[PDB]
4 protein chains.
Amino acid sequence: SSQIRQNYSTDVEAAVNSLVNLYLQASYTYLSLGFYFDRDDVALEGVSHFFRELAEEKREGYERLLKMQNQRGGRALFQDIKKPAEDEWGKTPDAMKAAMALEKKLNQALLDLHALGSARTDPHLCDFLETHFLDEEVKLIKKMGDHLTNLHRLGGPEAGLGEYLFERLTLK
Amino acid sequence: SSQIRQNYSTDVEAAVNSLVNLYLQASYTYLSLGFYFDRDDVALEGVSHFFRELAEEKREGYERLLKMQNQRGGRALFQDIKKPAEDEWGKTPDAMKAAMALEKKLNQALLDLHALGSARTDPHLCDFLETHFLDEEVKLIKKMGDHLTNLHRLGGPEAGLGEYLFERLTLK
Amino acid sequence: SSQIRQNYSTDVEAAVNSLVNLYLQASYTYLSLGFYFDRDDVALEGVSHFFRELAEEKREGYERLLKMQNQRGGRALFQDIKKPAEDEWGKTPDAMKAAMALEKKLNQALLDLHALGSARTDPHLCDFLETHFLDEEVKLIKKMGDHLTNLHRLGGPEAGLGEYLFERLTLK
Amino acid sequence: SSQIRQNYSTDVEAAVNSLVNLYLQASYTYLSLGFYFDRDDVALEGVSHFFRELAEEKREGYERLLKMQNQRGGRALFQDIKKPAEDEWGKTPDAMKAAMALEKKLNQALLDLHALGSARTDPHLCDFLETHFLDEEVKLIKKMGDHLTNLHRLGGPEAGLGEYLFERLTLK
C-alpha cells in the first residue's frame with residue numbers, strides 16, 4: 001500500500017478514477033467535436049478551435065486529477081474511454097448543446113466528488129476541486145450558455161448565415 | 001456652518017444632492033443593465049460592457065458632484081438609491097431606449113441644475129457642470145442615439161441576428 | 001429558466017442578491033464616509049481616502065458577486081440601496097467604529113451565505129466566497145481594528161492632535 | 001481707441017483693473033505672509049512655502065488677467081498696491097484665517113466681475129474667469145478650509161506642538 005496516503009478514502013480514490021475517466025471521455029468528445037467542425041462539409045474553424053481548446057482544457061483536467069491522485073497516494077486505474085456520443089455532431093447549436101450537457105455532466109461529477117470528499121472529510125480533495133475544476137466548469141458552462149444564447153438569436157431561417165457569423169465574430 | 005461656503009445657495013446644494021442621488025440611481029441602473037446583458041439567457045458581452053462603462057461614467061459623475069459639493073462647503077445629504085426601473089431590460093434596443101431615457105433625464109437634471117445655478121448666480125457651479133457633465137451627457141446621448149438608430153436598422157424579422165451584429169461590431 | 005444553472009438553489013440566489021444589496025449599502029456607506037471626511041469642517045484627506053478605497057473594494061465586492069450570480073445562472077434582483085446610517089459620521093474613531101461595525105455585519109452576511117452554501121451543498125459558492133470575500137473581510141476588519149486601537153491610544157484630551165497624526169502617519 | 005476691442009465694456013475693463021489690483025494686493029499679501037513664516041522667530045518653512053506658492057498663484061492670476069485685458073483691447077490701469085493688512089501675521093491659524101479672508105475676498109471680486117460680465121453680456125470674460133480663476137479660488141479656499149480645520153483640531157494648550165506638526169506633516 002502507499003506510504004504517503006493519508007485521509008484519502010477508497011471511495012474518493014475510486015470517484016477520482018471515475019472522474020478521470022469522465023474527463024478522458026470529455027476530452028475525447030471534444031477531440032471528436034473539434035475535428036468534426038474542421039470537416040470540409042462543416043468548415044467552422046472557430047467552432048473547431050473552440051472544441052480543440054475544450055479538449056485541451058479537459059486534458060489539463062484529467063492530468064491535474066491524476067497528479068492529485070498520485071500526490072494523495074491513490075492508484076490511477078484506467079478504464080476504456082468510451083466512443084463519443086455522436087459520430088456527426090449536427091449544427092453548431094446541436095454540438096454546443098452536446099458540449100453544454102457534457103460540461104454539466106462533468107460539473108455534476110465534480111459536485112458529487114466534492115460531496116463525497118466533504119462527507120469523507122477530505123479537505124485537500126475539496127480544495128483541489130474548488131481551486132482547479134469547479135470554477136473552470138462554472139466559467140465554461142457560462143461560456144457555453146453565452147454561446148448557446150447567441151446561436152439561438154442567430155437561429156430562424158437565416159440559420160447558416162447566423163452559424164457563420166457566430167464562428168467568425170465570437171470564435172475568431 | 002461651513003467656513004469655505006461662498007455663493008453656494010441652500011437650493012443649489014439641495015439640487016446637487018438631488019443630482020448626486022440621480023447619478024447614483026443612474027449608476028445603479030447601468031449596473032443592473034450591465035449585469036442583465038451578461039446573463040446566460042442574454043449573453044451580449046459588448047452591450048453589458050457598454051452599460052458597465054456607463055455605470056463607471058455615472059460613478060465618476062456622482063463622485064465629481066460630491067467632490068465639488070465638498071469644495072463649495074456644501075453637505076452631501078445622501079438619500080436612498082431607488083431600485084432600477086426594470087428587473088429585466090428586454091432586448092438590446094429596449095434597454096438602449098431605457099438608457100436614453102435615463103441619460104436624457106440626467107441631462108434634464110443637469111440643465112435644471114445649471115438653470116438654477118444661473119438663477120442663483122453661481123458661476124463655479126455653471127462652469128463645473130459645463131466642464132464635467134453637460135458635454136459628457138450630450139456626447140453620450142448622441143452615442144446612444146447612434147446605437148438606437150443602428151439597432152433600428154438592425155430590427156425587423158432579422159432581429160436577434162441584427163442584435164448580435166450590433167454587439168459584435170459596434171460594441172467592442 | 002436559465003440553462004447554465006446547476007446546483008444553485010433559490011435560497012443561495014436570494015442570499016447572494018441580499019449580500020449584493022448589503023455590499024451596495026456598504027459601498028454607499030463608504031461613499032458617505034469618504035465624502036464626509038473630505039468636508040471642509042472635517043478635513044482628513046487620509047481618512048477620506050481610506051473610506052474611498054473601502055467604497056471601491058465594496059464595489060469590487062458587489063460586481064464580483066454579480067459576476068458569480070450570472071456565472072451560476074442566477075438572476076440579479078436589485079432592491080433599494082438604503083440611505084447610509086448617519087448623515088454626519090462624528091470623529092474618526094466614531095466613523096472607524098461604524099465602518100468596522102458595517103464590515104463585521106458584511107462579514108456576518110458572508111459567513112451566513114457560506115453556511116447556506118454549505119447547507120445547500122454548493123462548493124462553487126463556498127470556494128468563491130472563501131477566495132474573494134472572507135479573506136477580504138478578515139484582512140479589512142483586522143486593518144480597522146488596528147486603526148481603532150491606534151485611534152484609541154491617540155484618544156484623551158489630545159484627541160484632535162491624535163486624529164491628525166492618525167490621518168497623517170497611518171493613512172498617508 | 002483700441003481696434004481689437006469688441007463687446008468689452010468700460011465697466012468690465014475697470015472691474016478687471018480693480019481685480020488686477022486685488023490680485024496684486026493678494027500676491028503682495030502672500031509675499032508678506034510667506035516671508036513672515038520664514039522669519040527666525042516664526043520658523044515655519046512649510047507655512048512660508050505655502051504662502052510663497054500662493055504669492056506665485058496670485059501672480060499667475062494678475063498676469064492672466066492682464067494678458068486677457070490686452071487680448072480684449074482693454075488698457076491695464078495700474079493703481080498703487082496697498083500695504084498688506086498687517087506686518088505681524090500672528091500664529092499659523094491667524095495667518096491662515098487672513099489668507100482665507102483674502103481668497104474669499106478675491107473670490108467675491110471674481111463672482112462680482114462674473115456677474116458684471118453676465119450683466120454686460122461679455123461671454124469671453126465669463127469663460128475666462130470660469131476657466132482660470134473661479135475653480136482656482138474654490139479649490140484654494142477648500143485647501144485653506146482644510147488647513148484651518150486641521151489647525152483648529154491641532155489647537156488647545158498643545159498649540160505650539162500642533163502648529164509644528166501641521167507645518168511638518170501637511171505642508172511638506
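Letters A, B, ... are given to chains in the order of the sequence lines, protein chains preceding strands, and every chain is numbered from 1.
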Throw together a table of side-chain donor-acceptor distances under 3.5 angstrom for residues 165-172 of chain D, partners on residues two or more places apart or in other chains.
residue, atom, partner, partner atom, Å
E167(D), OE2, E45(D), N, 3.3
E167(D), OE2, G46(D), N, 2.7
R168(D), NH2, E45(D), OE1, 2.8
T170(D), OG1, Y164(C), OH, 2.7
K172(D), NZ, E45(D), OE2, 2.8

Side chains of residues 94-104 of chain D: which donor-acceptor pairs under 3.5 Å do they make with residues two or more places apart or in other chains?
residue, atom, partner, partner atom, Å
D94(D), OD2, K91(D), N, 2.9
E103(D), OE1, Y30(D), OH, 2.6
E103(D), OE2, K58(D), NZ, 2.7
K104(D), NZ, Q3(B), O, 2.9

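Residues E130(D) and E130(B) have side chains in contact (heavy-atom distance under 4.5 Å, counting atoms from C-beta outward). Side-chain contact between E136(C) and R64(C) is absent, with no heavy-atom pair separated by less than 4.5 Å. Counting heavy atoms from C-beta on, the side chains of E63(B) and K67(B) never come closer than 4.5 Å. Between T29(C) and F78(B), every side-chain heavy-atom pair lies at or beyond the 4.5 Å cut-off. In this structure, the side chains of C126(D) and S118(D) come closer than 4.5 Å at one or more pairs of heavy atoms. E56(D) is listed as a side-chain neighbour of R59(D), based on a closest heavy-atom distance under 4.5 Å.
Here CZ of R39(C) is found 12.5 Å from CG of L66(B). Values are rounded to the nearest 0.5 Å. For the atom pair CG (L116(B)) and CG (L111(B)), the distance works out to 12.5 Å, reported to the nearest 0.5 Å. Of the inter-residue distances, the one linking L113(D) atom CG with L134(D) atom CG reads 8.5 Å to the nearest 0.5 angstrom. Annotation: the span from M144(B) atom CE to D146(B) atom CG amounts to 11.0 Å, rounded to 0.5 Å. Put simply, CG on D80(B) and CG on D80(C) are 6.5 Å apart, with the number rounded to the nearest 0.5 Å. Rounding to the nearest 0.5 Å places OH of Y62(B) at 6.5 Å from CD1 of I81(B).
Residue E13(B) is tested with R72(B), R75(B), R5(B), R120(B) for a salt bridge (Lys or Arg N to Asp or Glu O under 4.0 Å); the sole match is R5(B). Checking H124(B), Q71(B), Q69(B) one by one against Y8(B), the side-chain hydrogen bond (donor to acceptor under 3.5 Å, both in side chains) holds for a single residue, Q69(B).
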The test is side-chain hydrogen bond (donor to acceptor under 3.5 Å, both in side chains); show your working for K83(C) and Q79(B) and say whether it passes. CA-CA 5 Å; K83(C) 171 169 50 257; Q79(B) 210 63 249; 2.9 Å; yes
Could you walk me through whether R52(D) and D38(D) pass the side-chain contact (heavy atoms from CB on, under 4.5 Å) test, one step at a time? CA-CA 10 Å; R52(D) 297 248 59 236; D38(D) 199 9; over 6 Å; no
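Pairing each heavy atom of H114(D) with each of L129(D), the nearest pair is N-CD1, 3.9 Å. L148(C) and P93(C) get closest at one heavy-atom pair: CD2-O, 3.7 Å. Residue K143(C) comes nearest to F50(C) through the heavy atom pair CD-CE1, 3.9 Å, listed as atom of the first residue, atom of the second, then distance. The two residues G145(D) and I4(B) come nearest to each other via the heavy atoms CA-CG2, 3.5 Å. Minimum heavy-atom separation, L24(C) to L31(B): CD2-CD2, 3.9 Å.
A donor-acceptor pair is defined here as one N or O able to donate and one able to accept, closer than 3.5 Å; no such pair exists between the side chain of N21(B) and the backbone of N17(B). Between the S32(D) side chain and the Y28(D) main chain, no donor and acceptor come within less than 3.5 Å of each other. In this structure a side-chain-to-backbone donor-acceptor pair under 3.5 Å is present from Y36(D) to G90(D). Between the side chain of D122(B) and the backbone N or O of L125(B) there is at least one donor-acceptor pair closer than 3.5 Å. Put simply, the side chain of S27(D) never gets that close to the backbone of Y23(D): no donor and acceptor are under 3.5 Å apart. A donor-acceptor pair is defined here as one N or O able to donate and one able to accept, closer than 3.5 Å; such a pair exists between the side chain of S18(B) and the backbone of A14(B). With hydrogens and angles disregarded, a donor-acceptor distance shorter than 3.5 Å links the side chain of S48(C) to the backbone of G34(C). Panel note: side chain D40(C), backbone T149(D); no donor-acceptor pair is recorded below 3.5 Å. A donor-acceptor pair under 3.5 Å is formed between the side chain of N7(D) and the backbone N or O of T121(D).
Remark: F128(B) engages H132(B), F133(B) in a ring pair (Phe, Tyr, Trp, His ring centres under 6.0 Å) (not counting sequence neighbours).
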